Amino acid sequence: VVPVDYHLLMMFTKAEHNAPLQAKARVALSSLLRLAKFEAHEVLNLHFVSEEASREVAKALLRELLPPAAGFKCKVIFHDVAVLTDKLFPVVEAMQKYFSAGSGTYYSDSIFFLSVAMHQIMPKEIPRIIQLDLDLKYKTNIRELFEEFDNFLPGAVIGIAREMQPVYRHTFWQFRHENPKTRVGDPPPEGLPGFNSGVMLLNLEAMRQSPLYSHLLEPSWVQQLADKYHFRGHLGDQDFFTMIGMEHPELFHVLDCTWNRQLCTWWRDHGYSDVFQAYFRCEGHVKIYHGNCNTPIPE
């Protein structure tokens, strides 16, 4: 049989002496592996971006969890955060001042943009990868998410779920102020509430092959849009995708909210009581819970 590879990617850095992160990782990876099923000729590739201390932590966690019950072939790969940072920087430098905490352009923030230039960082033998946070809980077989790739319309490069808090209502304040009729920052079903980067289907081939996407990476395009939108953030890739998603929604296949059910309610308590519900509403059978802002996941 011709062996079929599946690729996932998780950030796992500064994990030594960070027990809350290790426990998050444990919850994520154990639910992931318990519920995954793959055919005999299929292999699950788990990519981790780690410095060397977090690599050893991850290996200790992984040996306790592998091989999986379901018995499918699983391969672990580590990528050096320092090597990726240096590769990302030329591509990612100019966007850093708009989307990092806070000013200006530091190496330590570069890795938060990994997804935006993943198509240039991963071997070309990797056509698609799903980047996932480690504060997740999987309620289904991860193999099912991969069929969302087939629903990408012509010209879409990335699959992503909506942001479930009014953080972008707040962020786009001045643009909203100047454009009373905009849907930028409004709740669903009809508004553009922005994206959450916890679960992302990165079609590396489509990204590589998109002339629009490639232009949007260029310093002067990043600058023109952040100026148009008066955009300032500190959430990295999420911010950049959210922003270019306002200009060019065709780039994004929007996933059902059930694939990334965010639980964070920080913004409810910081100025958005009245509208919070319209952003946070998510109905349907939950496939992945996302315990963002350290929010405990229900069981």
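Rigid core here is just the name for the largest C-alpha set that superposes within 1.5 Å across the two forms. All residue numbers refer to positions in the sequence shown, first residue = 1.
**Q** What stretch shows more C-alpha movement in 8 other deposited structures of this protein relative to this form, 204-212 or 93-101, after the core is superposed?
**A** When 204-212 and 93-101 are compared in 8 other deposited structures of this protein, 93-101 lies farther out.
**Q** Given a rigid core fit, name the stretch, 136-144 or 106-114, whose C-alphas are on average farther from the form shown here in 8 other deposited structures of this protein.
**A** Of 136-144 and 106-114, the stretch deviating more in 8 other deposited structures of this protein is 106-114.
**Q** Among other entries of this protein with both neighbours modelled, does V27 go without coordinates in a third or more of them?
**A** No.
**Q** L46: absent from a third or more of the other PDB entries compared?
**A** In all of the other entries, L46 has coordinates.
**Q** Check the entry's C-alpha temperature factors for 62-70 and 22-30, then say which stretch has the higher mean.
**A** That would be 62-70.
**Q** State which stretch shows the higher mean Cα B factor in the entry: 165-173 or 149-157.
**A** Comparing 165-173 with 149-157, the higher mean C-alpha B-factor belongs to 149-157.
**Q** Going by the deposited entry, which of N141, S115, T85, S197 has the highest CA temperature factor?
**A** Reading the PDB entry, the winner on C-alpha B-factor is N141.
**Q** Based on the PDB record, which member of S273, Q262, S50, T258 exhibits the highest Cα temperature factor?
**A** By C-alpha B-factor in the record, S273 ranks first.
**Q** Quick check on the deposited entry: does the C-alpha B-factor of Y107 sit in the lowest, middle or highest third of its chain?
**A** Tercile = middle for this residue's CA B-factor.
**Q** Tell me, lowest, middle or highest third: where does the Cα B factor of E93 rank within its chain?
**A** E93: CA B-factor falls in the middle third of its chain.
**Q** Of the three thirds of its chain by CA temperature factor, lowest, middle or highest, which one includes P188?
**A** Tercile = middle for this residue's CA B-factor.
**Q** Where does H234 sit by CA temperature factor within its chain: lowest, middle or highest third?
**A** Lowest third, going by the recorded CA B-factors of the chain.
**Q** Ranked by Cα temperature factor within the chain, is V43 in the lowest third, the middle third or the highest third?
**A** As the PDB entry reports it, the C-alpha B-factor of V43 lands in the highest third of its chain.
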